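Q: I'd like to ask some things about the structure below.
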Amino acid sequence: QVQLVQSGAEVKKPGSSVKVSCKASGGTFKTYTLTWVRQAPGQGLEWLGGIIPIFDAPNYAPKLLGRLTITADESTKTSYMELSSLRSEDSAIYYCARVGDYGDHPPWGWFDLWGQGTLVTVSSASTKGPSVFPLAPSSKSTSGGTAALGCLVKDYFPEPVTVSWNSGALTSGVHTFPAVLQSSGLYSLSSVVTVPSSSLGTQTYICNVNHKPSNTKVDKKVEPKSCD
Amino acid sequence: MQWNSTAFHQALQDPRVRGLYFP
Amino acid sequence: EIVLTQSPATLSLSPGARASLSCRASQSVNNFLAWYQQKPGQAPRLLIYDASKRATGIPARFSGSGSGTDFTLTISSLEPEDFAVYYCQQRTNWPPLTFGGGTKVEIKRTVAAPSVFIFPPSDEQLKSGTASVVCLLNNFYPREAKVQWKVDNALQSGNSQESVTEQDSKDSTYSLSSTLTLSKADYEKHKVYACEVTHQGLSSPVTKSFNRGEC
């Protein structure tokens, strides 16, 4: 019945610092209650550190020693993770987790309750809205069959973008791909949908793109390309 | 240096220090 | 530091089948090992702790075994909600406390060939100096697939990126995009753009292509 609520997403330049918080909604709370773990995109879990009970001694992953500080305010039931001299490989989802009872083997129990995670992006890039381009249905779409169409959502930073079709009314056949990070440092993704070929002349298919970080919203109608 | 599990369990060889974890 | 190694990286199993996941430690951790489940977009959740104890709220089909260096998580009969990534972790040796690299359990279903589609770059994008060409592989299984781009019969490499969806909740298939990125100058120097797809469900590779500037 205790819940752990973390602060919102962060976007930072290399060399800067970030401070993420995690607040418990109730229950007994000490500075040792909450540990921090992170997970880089597509990777596994990496322990950052926690606080040893009684001695109240923070203990950190050796690779981050000197850059990472974990503190807690018992009066507000909030733990803080501060990571400085940030590097691109610090880009990750950062999680707080409650440490359970250690049984007969102090100082650590298991991670029995988790926060929702906080996305931290470290990059030299600056906020930029996407360009949206049509993925137009082929002129050789099978007559009476199925056609694919889509939108290419290119060159934006940071994550995330959302895509819907027909203002959320069209979900049958939709696939919105995870974004890829390009060597330029900007993200791109596509969203596609399959539709009846025979509908391409009369039904409208619109991708609704929203990149909230740049306050950029675009609706693009995608249709067969006209010949000359 | 940082504390570590070897040094920590060495410290808990002292029964009074171990007792801090089992009041 | 105690390194935890998980095996295999991926298990492909049907609903109802038994899953056996391995975690091996580089030196003994006694019984101080746990297993977590993690689904896309969610935090991990504790399943089994101190090798064999089941966390409250966790179904009886999950059991852990082992001691010392060799541990196993067994899911006696897989439910749809069990397809996920599983991590082991030890709580005894630190710093750092360590996790295994994870094992993904994914749904085995019948082979399904992709439906393939190619998309030329838009005229609007071309005005900006870059051409993106997209190849879509729709609703296929298993996930392994080979996509090869050809431009005027030249095999491309180094200039494409792939993205894949998670397994579909309705039909357990995957979809995949491959995006070929060219400068406008390179794009306008060539005619035939083709994506060739090889997949277990296809009795011959599928090629989809267009000629630049032709309807």
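Simple scheme: letters A, B, ... for chains in structure tokens order, numbers from 1 for residues in each chain, numbers from 1 for ligands in the order shown.
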Report as an NGL selection string the set of chain C residues whose atoms approach chain A to within 7 Å, with distances computed over only C-alpha atoms.

A: :C and (43 or 46 or 91 or 95-99 or 101-102 or 117 or 119 or 122 or 125 or 163-165 or 215)

Q: Which residues are close to residue 134 of chain C, i.e. within 8 Å by only C-alpha atoms, leaving aside same-chain residues fewer than 5 positions away? Reply as a ChimeraX atom specification.

A: /A:135 /C:118-121,177-180

Q: Could you please take those selected residues and save N, CA and C atoms as a PDB file, in the first residue's frame?

A:
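Written file, out_6.pdb:
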```pdb
ATOM      1  N   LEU A 135       4.776   8.200 -45.898  1.00  0.00           N
ATOM      2  CA  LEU A 135       5.140   6.896 -46.456  1.00  0.00           C
ATOM      3  C   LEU A 135       3.926   6.493 -47.293  1.00  0.00           C
TER       4      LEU A 135
ATOM      5  N   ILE C 118       7.763  -1.281 -49.703  1.00  0.00           N
ATOM      6  CA  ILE C 118       8.827  -0.286 -49.840  1.00  0.00           C
ATOM      7  C   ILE C 118       8.206   1.090 -50.045  1.00  0.00           C
ATOM      8  N   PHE C 119       8.822   2.114 -49.452  1.00  0.00           N
ATOM      9  CA  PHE C 119       8.345   3.491 -49.553  1.00  0.00           C
ATOM     10  C   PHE C 119       9.468   4.387 -50.053  1.00  0.00           C
ATOM     11  N   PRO C 120       9.276   5.108 -51.149  1.00  0.00           N
ATOM     12  CA  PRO C 120      10.292   6.056 -51.614  1.00  0.00           C
ATOM     13  C   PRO C 120      10.325   7.290 -50.731  1.00  0.00           C
ATOM     14  N   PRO C 121      11.389   8.090 -50.812  1.00  0.00           N
ATOM     15  CA  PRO C 121      11.401   9.365 -50.094  1.00  0.00           C
ATOM     16  C   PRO C 121      10.382  10.306 -50.700  1.00  0.00           C
ATOM     17  N   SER C 177      10.944  -2.253 -39.358  1.00  0.00           N
ATOM     18  CA  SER C 177      11.278  -1.293 -40.397  1.00  0.00           C
ATOM     19  C   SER C 177      12.782  -1.306 -40.612  1.00  0.00           C
ATOM     20  N   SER C 178      13.191  -1.133 -41.864  1.00  0.00           N
ATOM     21  CA  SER C 178      14.572  -0.821 -42.191  1.00  0.00           C
ATOM     22  C   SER C 178      14.571   0.481 -42.970  1.00  0.00           C
ATOM     23  N   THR C 179      15.376   1.438 -42.528  1.00  0.00           N
ATOM     24  CA  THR C 179      15.414   2.758 -43.132  1.00  0.00           C
ATOM     25  C   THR C 179      16.796   2.987 -43.714  1.00  0.00           C
ATOM     26  N   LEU C 180      16.856   3.213 -45.025  1.00  0.00           N
ATOM     27  CA  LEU C 180      18.083   3.508 -45.749  1.00  0.00           C
ATOM     28  C   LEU C 180      18.164   5.018 -45.894  1.00  0.00           C
TER      29      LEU C 180
END
```

Q: Which residue is closest to chain B? Choose from A:11, A:195, A:169, A:65 and count only C-alpha atoms.

A: A:65

Q: Select, as number ranges by chain, those residues of chain B with any atom no more than 10 Å from chain C (distances computed using only C-alpha atoms).

A: B: 2-6, 8

Q: I'd like the contact shell of segment 151-158 of chain C - 8 Å cut-off, only C-alpha atoms, skipping same-chain residues fewer than 4 positions apart - returned as a PyMOL selection string.

A: chain C and resi 190-194
